[PDB]
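Asker: Just need the structure, nothing else, for what follows:
(5 chains, ligands or ions: 3)
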Amino acid sequence: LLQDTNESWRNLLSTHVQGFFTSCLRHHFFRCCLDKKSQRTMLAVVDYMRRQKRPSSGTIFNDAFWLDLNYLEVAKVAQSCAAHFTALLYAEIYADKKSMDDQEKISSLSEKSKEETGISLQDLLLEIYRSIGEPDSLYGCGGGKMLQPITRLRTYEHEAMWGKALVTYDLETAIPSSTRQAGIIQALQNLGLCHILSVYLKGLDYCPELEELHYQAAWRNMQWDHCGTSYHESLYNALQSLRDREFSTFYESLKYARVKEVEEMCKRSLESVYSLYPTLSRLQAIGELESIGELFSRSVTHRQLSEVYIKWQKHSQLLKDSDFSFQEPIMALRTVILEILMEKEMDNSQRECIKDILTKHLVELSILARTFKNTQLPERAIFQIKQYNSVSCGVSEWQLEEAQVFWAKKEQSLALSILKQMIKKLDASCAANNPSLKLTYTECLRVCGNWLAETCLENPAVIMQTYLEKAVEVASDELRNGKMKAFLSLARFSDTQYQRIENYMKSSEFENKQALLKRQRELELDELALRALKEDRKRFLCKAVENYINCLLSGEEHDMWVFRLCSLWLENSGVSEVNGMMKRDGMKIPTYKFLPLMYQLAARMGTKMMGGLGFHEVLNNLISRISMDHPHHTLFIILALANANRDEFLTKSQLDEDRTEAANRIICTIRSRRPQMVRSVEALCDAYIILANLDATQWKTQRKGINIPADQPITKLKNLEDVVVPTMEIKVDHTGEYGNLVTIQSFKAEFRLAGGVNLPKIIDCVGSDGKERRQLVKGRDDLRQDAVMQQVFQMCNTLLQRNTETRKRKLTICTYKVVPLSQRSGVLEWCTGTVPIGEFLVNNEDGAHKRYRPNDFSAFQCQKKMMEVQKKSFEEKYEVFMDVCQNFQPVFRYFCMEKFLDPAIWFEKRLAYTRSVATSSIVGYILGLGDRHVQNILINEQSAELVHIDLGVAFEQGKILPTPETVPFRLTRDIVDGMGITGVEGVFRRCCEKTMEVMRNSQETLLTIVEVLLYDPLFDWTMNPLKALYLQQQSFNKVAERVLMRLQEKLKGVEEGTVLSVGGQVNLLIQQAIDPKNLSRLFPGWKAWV
Amino acid sequence: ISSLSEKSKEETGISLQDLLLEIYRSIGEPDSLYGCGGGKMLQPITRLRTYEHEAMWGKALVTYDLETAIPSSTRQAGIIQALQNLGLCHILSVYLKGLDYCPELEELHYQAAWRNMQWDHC
Amino acid sequence: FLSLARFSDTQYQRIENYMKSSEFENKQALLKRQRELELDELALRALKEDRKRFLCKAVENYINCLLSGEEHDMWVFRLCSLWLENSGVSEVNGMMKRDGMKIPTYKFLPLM
Amino acid sequence: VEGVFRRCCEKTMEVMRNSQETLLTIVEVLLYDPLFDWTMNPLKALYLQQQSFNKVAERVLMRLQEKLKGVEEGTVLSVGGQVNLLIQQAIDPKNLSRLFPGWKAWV
Amino acid sequence: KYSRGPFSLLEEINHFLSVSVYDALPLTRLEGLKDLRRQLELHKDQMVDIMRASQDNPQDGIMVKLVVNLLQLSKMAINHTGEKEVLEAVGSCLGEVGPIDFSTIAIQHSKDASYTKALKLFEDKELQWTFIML
Ligand SMILES: Nc1ncnc2c1ncn2[C@@H]1O[C@H](COP(=O)(O)OP(=O)(O)OP(O)(O)=S)[C@@H](O)[C@H]1O
Ligand SMILES: [Mg+2]
Ligand SMILES: [Zn+2]
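Answerer: Residues are numbered from 1 along each chain as shown, chains lettered A, B, ... in the order given. Ligands and ions are numbered 1, 2, ... in the order given. The relevant structure is shown in the block below.
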């Protein structure tokens, strides 16, 4: 094909290859049923040709058509050959080619492809996505065959809606009998209806899968009477021989099952990781059975049983993030194992230990099933516990688990009655003196108090005095954890009461009542009531602060509550009790827990209230201790506070000077502790500031790198071993050693320019090792807003990683370290391998919109038209925007196609891109992020993930601008086109739903963090006319309150006075972001058409 | 009520709460059944009656399957009623066939036979 | 008619709430501190026109709904609230004069 | 209050919730009646125990909307939870003790 | 082998993979498979540490690489003298890891690093064909 002339070879080869692929897709015929080796050879030929640059240069999409091929047939053949990723890639290529060909002259494409080629695109995509195994992708495949019972049943099974699946399986008769009965049996088993399943199987007695389900039910129900060997048949035979003490047959059956499972697994093509999980689960179950075989063989001892249970618990901890469909069979086998061991014990001393092990295992199984929103299995486990662990004492942990299970089923009355009965029995039995029952008593009291607070069935006074304070008073790692939980619960309840009392005091009803008396005993009664209310508020405040301090001491799980504690301390600065308890016991808190709030704590410090219990003295002591323990995390912040006005000094209010004096005092203390490090850090900061102030307009056109002038002090600095690279993230160390950290060695002579109005400078900093880091030095710009926004992003990343659903999908927010140096000077980490999306898409020279679709409108024409239509009415804007969108098609889908040629890598990168878009959009909406234009978003070339920069505009301050921003986030046509053929459907929508659910579940933490951030005196976040003019070429208290209320409404889901579910809110946000009506009214600089 | 009920059980052998529950069940007023409360609510039969009152047939079916100390006739009757009220006609028929391997049992069998139009059985 | 009237009323109430919202006041105050003024005037006029159109559609469909049947006679409260609040609007008064006088009289009794 | 009373309260609250728009429109018509003096004045306050109007009307309307939707203390509540909050607030001995003697809370 | 210090679980798996770089026959790996199974069953806290360390880059995870290497080894053992012995050992070692969430969807088969560098060395299309054929 390289030397072909007149396209004779091209035409001949295309015709013959298309004929071959069509012949492969028949079904005998004259030529059909070809061997898979020939199909794989031809697929390899096509794949090799796809990766070769054509003689006419062009693009990768052009390079795909070396031969005229109908890629739908090739994709179907590849799917038949179990090459699912390349099948999806070829289906996407075929869809793109069909769209391009149609433009010259999914459901519509599917029906057209069915009309000519006889293959439905939607059905092929559904089959490929089912074969891949990704759960989210199955939702956006299509809607053509949603009505069919098989698709509905598959959807029900995927979502674990077992009742709906059972009803549909019973109702539909057109389904084949084998599949129908298998689904009925599986749904009955998953619903806990073991007896019903057994009787149903007995009724069916009037295919290998039926016998397989028979054996699975037999071994799960321990019938021991229902008698190539399959898997569950082997397991049942092994259990029967284990009961019969026939160890030879037991080991032989286990070995045969191992061999068969491994052979069946290796016979497959092994394309996706999701195809390996069931085999791994079955092998783990077989291994555990073989492990207990030797324990049964010899004499049973308590130590051996404890060790095997410890091994089981560890290996279950290994499976924390596994799907329930893989964990459940292992737990079932463990339960049957323990039941058999208890049955065949014949020794009272060991029988009690076996009973304890079984009770612990069943409690763990109940907890695991509850974590997956399953209710039948916990009830069955509790029933089994009752059957074995017959109870007459009436106090046990499994009863607390039963109460939790009943609560999970929305039967609050039964759970509350059980828990109150347990509480009364514990109180009657002893005065919390038994060491074993102390934890159970404390947990029962705390849980009952929390449940009563949730259901509003008791007044706050009774709940506080009877349950939560008592739980704290009742209360060695388990005891420490219980103490932490009780302290947190008491602090939360006290904070709730204090917040209720403050909301009442700040409400309009209270002010109206006060003003009514403004117009004689009534005044005295009002004064008495006000004094009583203030006293109650102070008492609740003190209790909440004390319990928060105690909670931070005894654990680390609830560390993010330091935000609420610091907010309570800062707001009530004048209260001596709060300051006193912060000075006495607050200082005992580990210093590393205050690091996320270092910016606010440093900005709040001053020299006004000096005294023994003065707020400023205690705050200065806390800051000094934090800096002493973690100099690398705090020295830059304090020094930047001290160097706010050093820019003018280097070149040539009472609060501000007090803050500067406090920063200087802390700097003097640290220098007294570590002089050399402070001196070196000061020299580095001075060099950075001097470098930033250097004029760069001389080399504005230069792009090959500029040598730093020799007069710059930065070049002189060398071997600073006491200074860590400021732009490098540092892992927090509880110990204050920090011995092994990369240190600054030298700076490369050359520096580059990144473009922009102010012309920032890019420099390279080689560390102690050979690696070097690129740093962006910015002058005449404020980076503190970026720093605090990055802190918010880190907190949101912690929240996302903590939750299981967002951890499985690896939903994260890309962050870069920012180190502000002065009021208008700073330095931040330069992202490597990231190119702006606007640079990739609408570049004038080699943009994607020019290389692909050269006949469409140029970006210059679109910008000119949208700027011209600015002065006209909304109808003219809409018409011009629609006309531009008609002549400006998305091109962004080729980024991953041209950067990643391997279908598997391409699929992974595209999925990562979609997840990054979803997470960034949701998080930015929650924070009210604006100014999300093309130049403010970067995409990493290696990972295909988006990084959001220029975080100046947030909290919906862009909607106050002229030509307000009317979109929650950027979801333009290019962004959706990068997601694939499905668009926003499928992965994107489900990831947005997961992120929004996580945001909803953590509304209090986010509210506390944002409240701490907004009330920071140095955080400038309110829009001003000067900034408004620059962006497009006290009232503060009420504005902050309105912003906090709007954020609370967003987190709760209240949109325009209507409470919405997570899915509905996501649907509203998506439809508002993709609406062309809102996009047309946006600023032309935002580039909505891109 | 609980203290009075236990005192009455101690003295005369009659529980006030249980008598009130029986009286209210005999009266037939639906909202009155929720007034009676105590430790008897955790019994499987009380929970099953509460489930059947609220037409929560899935919970009733699960509890009927799980509990074995309940008398067999009541268990089978509750299982059949819950199966029928969930639309599981085929499952109910196969379950009845399996049970082959009480007047109420044949009453339920005839009800299922005429509902499912199974005219072969006589 | 009831469904169309409800949707139109929802849109009109959304535009009224935005006009009375604090965000609108903040934007107006920020603009006070010259093409931006012209753009704001154009946007305000377009918003007022949309509000009036939605109000007229809602009133017309409410009146049509009251004529057709008696199952939704309780919406006379909403219709009269819209009429009373927008008393200066000539289109609403004309619709009440032409088709509002064909409504049965007993339906106005509750708020007499 | 643990029998018929609680369930009847739940049913009535559910009916109120399902007709929030209707009740809101009715109360909007009523509150803006020029001759309906619903607001409290010092004369009535003194007699009972021996513009700003637009703002207070809007606040009353939004409070009624919050009640009808179920939002109490900024937290959305189900019908059962709201009825539970109302009953426990009504039968609270502290509130009854803080009340005016003429109300006769002990009766 | 155990000079310069003992081996941890990660080092044991790395040594197993390095030995697996060149494999004449699957049956010669039986003793290594048994030793790997014993090491895996002895230490699982180190397996938790490995999983935590591999969280940042799940694609380069050691555990998924080991699983796919074992699966390929079992594939190469089909229709040979020691088919069942190798299969049993592979199943024994895969039973230890179990269905751990690897945070990956695409299986990446091992590829020679020297081959890619040698291909990158040649800049002409004809030369690359000569290198591959030779
Ligand atoms: N962390 C970063 N990594 C990579 N590039 C960055 C980073 N931060 C900024 N840039 C680039 O630096 C250039 C200017 O950055 P900005 O901070 O946006 O300057 P500016 O004041 O916003 O002026 P603009 O961008 O022309 S409106 C742009 O090309 C950005 O893409
Ligand atoms: Mg920018
Ligand atoms: Zn054939």
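
Asker: what residues are up against residue A:835?
Answerer: Contacts for residue A:835 (Cβ atoms under 8 Å, 6 or more residues apart in numbering or on different chains) come out as A:938, A:939, A:941. Heads up, the C-betas are built off the backbone N, CA and C, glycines and all.

Asker: can you confirm it is in a strand?
Answerer: Yes: counting by DSSP: H, G, I helix; E, B strand; the rest coil, residue A:835 is found in a strand.

Asker: Name whatever forms a beta bridge with it.
Answerer: residue A:939 (DSSP bridges).

Asker: before we move on, what SS does residue E:79 have?
Answerer: From three-state DSSP, the assignment for residue E:79 is coil.

Asker: Next, count neighbours for it.
Answerer: Residues near residue E:79, counting by other Cβ atoms under 10 Å in any protein chain shown, number 6.

Asker: what are the phi and psi values for it?
Answerer: Main-chain dihedrals, residue E:79, degrees, to the nearest 10: phi 60, psi 60.

Asker: what do you get for the one 5 residues further on?
Answerer: Geometry field for residue E:84 lists phi and psi as phi -70, psi -40, criterion degrees, to the nearest 10.

Asker: who's in contact with it?
Answerer: Per Cβ under 8 Å, 6+ apart, neighbours of residue E:84: residue A:259.

Asker: quick one on the thing from earlier: just the buried ones among the contacts of residue A:835, please.
Answerer: When the contacts of residue A:835 are checked for burial by 16 or more other Cβ atoms under 10 Å in any protein chain shown, the buried set is A:938, A:939, A:941.

Asker: can you pull the contacts of the residue of chain A found nearest ligand 2?
Answerer: At 3.9 Å from ligand 2, residue A:950 is the closest residue in chain A, using Cβ to the ion. Residue A:950 sits next to A:786, A:931, A:936 when contact means Cβ under 8 Å, 6+ apart.

Asker: Just put those in a markdown table and tack on distance to ligand 3 and secondary structure.
Answerer: Formatted as a markdown table, the contacts of residue A:950 follow (distance: Cβ to the ion, whole Å; DSSP: H, G, I helix; E, B strand; the rest coil):
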| residue | distance to ligand 3 | secondary structure |
| --- | --- | --- |
| A:786 | 65 | helix |
| A:931 | 62 | coil |
| A:936 | 58 | helix |
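
Asker: Format the residues you listed as JSON lines; extra columns: distance to residue E:29 and neighbour count.
Answerer: Converted to JSON lines, these look like this (distance: Cβ to Cβ, whole Å; neighbours: other Cβ atoms under 10 Å in any protein chain shown):
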{"residue": "A:786", "distance to residue E:29": "54", "neighbour count": "21"}
{"residue": "A:931", "distance to residue E:29": "59", "neighbour count": "21"}
{"residue": "A:936", "distance to residue E:29": "54", "neighbour count": "20"}
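
Asker: Apart from its neighbours in sequence, what residue is nearest the residue in the stretch 601-750 of chain A positioned nearest to ligand 1?
Answerer: In the stretch 601-750 of chain A, the residue that lies nearest ligand 1 is residue A:727 (9.5 Å; Cβ to the nearest ligand atom). The shortest distance from residue A:727 to any residue other than its chain neighbours is 4.1 Å, reached at residue A:829 (Cβ to Cβ, 6 or more residues apart in numbering or on different chains).

Asker: ok, now residue A:249?
Answerer: Counting by Cβ to Cβ, 6+ apart, the residue nearest residue A:249 is residue A:241, at 4.2 Å.

Asker: neighbours around that neighbour, how many?
Answerer: 19.

Asker: got the CA coordinates for stretch A:981-995 in PDB?
Answerer: Only the C-alpha atoms of stretch A:981-995 are listed here, as PDB (Å, rounded to 0.1, in the frame of the first residue of the first chain):
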ATOM      1  CA  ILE A 981     -20.400   8.200  22.000                       C
ATOM      2  CA  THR A 982     -22.600   8.000  25.100                       C
ATOM      3  CA  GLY A 983     -21.800  11.600  26.100                       C
ATOM      4  CA  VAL A 984     -23.000  12.700  29.600                       C
ATOM      5  CA  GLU A 985     -25.000   9.400  29.900                       C
ATOM      6  CA  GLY A 986     -23.500   6.400  31.700                       C
ATOM      7  CA  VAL A 987     -20.200   7.000  33.500                       C
ATOM      8  CA  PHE A 988     -20.500  10.800  33.800                       C
ATOM      9  CA  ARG A 989     -24.000  10.900  35.300                       C
ATOM     10  CA  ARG A 990     -23.300   8.100  37.800                       C
ATOM     11  CA  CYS A 991     -20.000   9.600  38.900                       C
ATOM     12  CA  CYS A 992     -21.700  13.000  39.400                       C
ATOM     13  CA  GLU A 993     -24.400  11.200  41.500                       C
ATOM     14  CA  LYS A 994     -21.800   9.500  43.600                       C
ATOM     15  CA  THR A 995     -19.900  12.700  44.200                       C
END
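
Asker: Ligand 2 contacts on chain A?
Answerer: A:935, A:936, A:950 (Cβ under 5 Å from the ion).
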